[PDB]
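Reminder, nothing fancy here: chain letters follow the sequence lines and each chain counts from 1. Computed from heavy atoms alone, side chains included, the values below leave out hydrogens, waters and symmetry copies.
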Amino acid sequence: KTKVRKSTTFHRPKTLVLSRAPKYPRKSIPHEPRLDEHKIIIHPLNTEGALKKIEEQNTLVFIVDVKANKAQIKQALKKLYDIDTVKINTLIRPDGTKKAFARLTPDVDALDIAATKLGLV
Amino acid sequence: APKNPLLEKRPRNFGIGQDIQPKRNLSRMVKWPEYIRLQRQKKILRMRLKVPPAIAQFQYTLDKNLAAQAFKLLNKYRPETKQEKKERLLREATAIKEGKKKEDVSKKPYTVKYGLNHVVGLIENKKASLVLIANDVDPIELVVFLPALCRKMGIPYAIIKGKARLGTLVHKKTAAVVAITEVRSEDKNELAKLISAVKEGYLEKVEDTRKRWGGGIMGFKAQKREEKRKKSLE
Amino acid sequence: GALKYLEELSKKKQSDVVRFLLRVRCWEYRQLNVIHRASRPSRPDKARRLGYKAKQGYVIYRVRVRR
Amino acid sequence: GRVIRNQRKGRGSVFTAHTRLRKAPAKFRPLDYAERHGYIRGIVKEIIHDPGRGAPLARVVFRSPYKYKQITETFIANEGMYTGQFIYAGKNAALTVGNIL
RNA sequence: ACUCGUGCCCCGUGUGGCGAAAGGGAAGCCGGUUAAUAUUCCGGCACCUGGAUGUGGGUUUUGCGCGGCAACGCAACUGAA
RNA sequence: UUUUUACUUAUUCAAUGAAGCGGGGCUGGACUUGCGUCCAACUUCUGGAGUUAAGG
Ligand SMILES: [Mg+2]
Ligand SMILES: [Mg+2]
Ligand SMILES: [Mg+2]
Ligand SMILES: [Mg+2]
Ligand SMILES: [Mg+2]
Ligand SMILES: [Mg+2]
Ligand SMILES: [Mg+2]
Ligand SMILES: [Mg+2]
Ligand SMILES: [Mg+2]
Ligand SMILES: [Mg+2]
């Protein structure tokens, strides 16, 4: 009348589990995507060393949001200035803001990009 | 087709120390969960201890044939359902809308009586003709006095198997006690037959066994040990 | 009603039947957890007397405390 | 007065026994069906020094009667036991040095 | 295993987290460059991990390489529990 | 009434992955004459291997 048990240990039987099907959302409006491009990119850096590498290395220096990562910075640059980069280096300055060195692709000139879109000369 | 020459036997010698044991049924010694363990040990303890007669009288229940006869009678008098009550109320509503008084369209109902307090009051007033007490009332207290009350009031009773059985008879989950007071004339003879059969086939047999204490039955190994001791002595 | 009989029986805590029931239930409760939900009151008359009702929203919890 | 050193020793703290270099306690096999009814054969793999213990310990490997695995035990080595020695544990084990009866 | 998530079939003795910038541990070197950083920037030349699918090569077609007495070798040269 | 020793289910201890506990009956035997009882279950030459069953 009883089932055969080949193991001397008892395991909790697996039972059906159901996904949540709430009859009301807990929050009504999903939040808009925080940290979009307009928040990611703040302003270009126009110091001596920032402008030096625009010519010497074909890279643009920006001040970006402190919680933005390299992928977000790359996507924001592409969306906001149609800029394609080969790599982006980042640091956090002693003042607490993030500085990003974005090296452009060799076919695009950082001087023209800065002159026409960034207002830098 | 004859068997090919290269099929042969590889019997396994499961003796001590020469082969891995086969996967046999180990259901006798599984580490059961605590609720199962307590469930079985509870029954074991009630068998081991001496049960006072008032509780021990409940292990003598109605036989299968007598229970079948009793339920055959009772299934004609199980109470009305929700739909039946709604239909009766609707037709009474048409009656008193027509102006004919209530209880003219409907007739006197004959139904089995349930509910512990209601049944106790019925047998106290001697209106109950036959009482069936469930044998497995979780707090036996609720029914431990019922056989004595029925004996005092001179009403035939039977301890029947199935609290859930009485419940499904009466359209509930459990009933724990059932009483029949009056039946229709077409089966008053059936009621008399059932009462006489219940009396002479349960009460007369349990007249003496209901007075003795519940057994202090020991376990299987203890019983075997005592048998061996007695056999060796003799 | 049977609750009057239950009330009268509960006074006879020294009788054989009540003593047996108390001993067995004490063993069971000792085997159970120190605090645990009880499906129904084990003393229906006492619970109803103290205000328990058999409807949704009423809960019985059994607890043992060191003596 | 103060709490004396003998009283302080029972608190634990700095008087707890050192255990890092101790690999396993020296225990027999759990008493099983094979040891109760017949015997079981084990192989001595190594004789090791247990820090804090004067006696050496013997690592002995047995087969599991019920599974394909193999089980290594840690016995107190009896003098005369050696690596690669067969020892036998059970009711029917022979009466030789290192056998558990 | 299905057009579609939800149908089953096996194994089980275990069944948490934190805790090392000197313990364990995948992988980067040289040259040059700034006022201030660099094994991080620039140039050249590399490596590791993970994921994908190609070209060639190898092996086989009732099947999963060959050689050396051997220690072993060769660019691979199926492999669940 | 007091003491002693019996039971196991209260209670307490120990082991384990809670695997072989207790009764038997099939066989193997060895001991005995109103054919009757007791024992046992297959691993000891070797630092190998033993698992996902062969068969009826
Ligand atoms: Mg960095
Ligand atoms: Mg409820
Ligand atoms: Mg002091
Ligand atoms: Mg950590
Ligand atoms: Mg380190
Ligand atoms: Mg590099
Ligand atoms: Mg470089
Ligand atoms: Mg790769
Ligand atoms: Mg090819
Ligand atoms: Mg023979």
Identify whether any heavy atom of [X] sits under 4.0 Å from a base atom; if not, whether one sits that close to sugar-phosphate; answer base, sugar-phosphate or nothing.
| X | result |
| --- | --- |
| A:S7 | sugar-phosphate |
| A:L16 | nothing |
| D:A34 | nothing |
| A:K14 | nothing |
| D:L31 | nothing |
| A:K53 | nothing |
| B:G216 | nothing |
| B:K43 | nothing |
| A:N58 | nothing |

Determine, for [X] against [Y], whether the closest basic-nitrogen to carboxylate-oxygen distance falls under 4.0 angstrom.
| X | Y | answer |
| --- | --- | --- |
| B:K230 | B:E227 | no |
| D:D50 | D:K23 | no |
| A:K78 | A:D84 | yes |

note = Sorted by number, residues from residues 13-28 of chain D placing a heavy atom under 4.0 Å from RNA chain F are none
ask   = Which one, F:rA19, F:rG22, E:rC42, comes nearest to the side chain of B:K221?
value = F:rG22
ask   = If you check the B:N13 side chain, which of F:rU9, F:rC42, F:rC21 turns out closest?
value = F:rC42
inquiry  = For the structure I just gave you, are F:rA40 and F:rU27 base-paired, Watson-Crick or wobble, with both distances less than 3.5 Å?
reply    = yes
request  = Cation-pi check, A:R26 to A:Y24: give yes when NZ or CZ is under 6.0 Å from the six-membered ring centre and within 45° of the ring axis, no otherwise.
outcome  = yes
request  = May I ask you to establish whether A:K99 and A:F101 are in a cation-pi arrangement, using a distance under 6.0 Å from NZ or CZ to the six-membered ring centre and at most 45° from the ring axis?
outcome  = no
key: Along RNA chain F (nearest heavy atom to each residue), the more 5'-positioned of D:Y68 and D:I43   = D:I43
inquiry  = With the criterion set at under 5.5 Å between ring centres and under 30 degrees between planes, would F:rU44 be stacked on D:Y88?
reply    = yes
key: Stacking of D:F86 on F:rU44 base (centres under 5.5 Å, planes under 30°)   = no
Determine the interatomic distance between [atom1] on [N] and the same-named atom on [M]; round to the nearest Å.
| N | M | atom1 | result |
| --- | --- | --- | --- |
| E:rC64 | E:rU53 | P | 29 Å |
| E:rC48 | E:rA27 | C1' | 4 Å |
| F:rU52 | E:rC10 | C1' | 11 Å |

remark   = With syn meaning chi within 90° of zero and anything else anti, the base of E:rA35 is anti
Could a donor-acceptor pair under 3.5 angstrom be found where the side chain of [X] meets the base of [N]?
| X | N | answer |
| --- | --- | --- |
| D:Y66 | F:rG20 | yes |
| B:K50 | F:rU9 | no |
| B:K224 | F:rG24 | no |

ask   = Quick one: are the six-membered base rings of F:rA41 and F:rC42 within stacking range, meaning centres under 5.5 Å apart and planes under 30 degrees?
value = no
message = Among residues at least two apart in sequence or on other chains, which ones pass ring pair (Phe, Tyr, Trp, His ring centres under 6.0 Å) with B:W213?
response = none
request  = Determine: side-chain N/O of B:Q41 to OP1/OP2 of F:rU8, distance under 4.0 Å, yes or no.
outcome  = no
remark   = Between C:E28 and the options B:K43, B:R46, B:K42, the salt bridge (charged side-chain N to carboxylate O under 4.0 Å, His left out) test singles out B:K42
